[PDB]
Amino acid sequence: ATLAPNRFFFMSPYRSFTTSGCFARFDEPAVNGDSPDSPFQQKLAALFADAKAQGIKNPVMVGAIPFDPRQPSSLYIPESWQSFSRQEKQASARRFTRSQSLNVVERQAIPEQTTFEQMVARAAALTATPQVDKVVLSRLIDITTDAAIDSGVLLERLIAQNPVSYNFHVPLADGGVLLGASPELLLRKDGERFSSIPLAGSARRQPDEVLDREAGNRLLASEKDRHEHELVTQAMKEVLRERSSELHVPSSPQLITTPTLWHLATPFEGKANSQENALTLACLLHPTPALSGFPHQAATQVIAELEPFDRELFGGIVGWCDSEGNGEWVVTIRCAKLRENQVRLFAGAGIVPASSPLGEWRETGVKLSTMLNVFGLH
């Protein structure tokens, strides 16, 4: 049995659930969604009361928000939801046997290696200057297949290969499915308590648990990545100052893993005002310098002049919140948009003065391989 493409699914060490039905869609842009006087929040709160009044106990709001919060949002309240056991689902997925044979008929890197290296070069150059210190640049892989892609079977494969990550499956207004295995927590809020766990900095994992246990330790030392990382953490520090009652931040990062990568992480733990819910804080933080750059608005402008595509939901956030200030939001990376027989993958890095284009090209390549492995490609 597999999940139908019109259900939301979210797999997390916090709350893991599915959803059924669609009481109300919510397209409203999330810009200035960090202040509760915002159209986004007033509309959001309007719709929650609408839902409760109309008979829905414990409404939740689910879906994704795009990189650029001006662009519209892909949220909606389901008619219902249904908790499930993370560990139970890991085990069923690892046994899910029957897969789909897929024939690719086109595969396009957008852009290809050379154009990407020139974009990495022209971006690193501009970080050396007073104009920006960090920009994140991304690329895509477009895949056309000869038959519609079964979203449910693919999701089982993704769980089996990515047991530990924040795994999501989002129905879109166009009939598509946004799907991925994010390692990066952008914002959890459990009652009054909140955390965020930004990543930045990467190294390949190795098959041998000797060269693996040390390729990591290298990551912990590499000044390139340690500096990559500090830009993200200083910025999130400043932004949370007058938004959080308390706030604890380690000054040095720690190692975490995906099946493909070592990453550097810094956990944030704080308490926030009753003025705040899961999305006001998520909208505040996102995008961090791990997904856009630093300074944030200066780096969006390099991204627009350099990236030959619209990121749309990629590099956004995906998740949920309820009517009572709680929720979880993870960054939309290690992901794909599926629709009928067409798929788009996404990956970004991670660009400062010391970054070589061959390095970042291959870094994004390893990140893309999470979703390529789900598809059975290299």
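Numbering starts at 1 and follows the sequence shown.
The PDB entry reports B-factors from which the mean C-alpha value can be compared for 324 to 332 and 51 to 59; the larger average falls on 51 to 59. According to the PDB record, 92 to 100 carries the higher mean C-alpha B-factor of the two stretches 262 to 270 and 92 to 100. As recorded in the entry, 296 carries the highest CA temperature factor of 296, 157, 139, 107.
If you compare the C-alpha temperature factors of 210, 179, 75, 239 in the entry, 210 comes out highest. Sort the chain's modelled residues by C-alpha temperature factor and residue 190 lands in the middle third, per the entry. In the deposited entry, the Cα temperature factor of residue 81 sits in the middle third of values across the chain's modelled residues. Residue 21 sits in the middle third of its chain by CA B factor, as recorded in the PDB entry. Sort the modelled residues of the chain by CA B factor and residue 302 lands in the highest third. Per-chain ranking of the deposited C-alpha B factor places residue 40 in the highest third.
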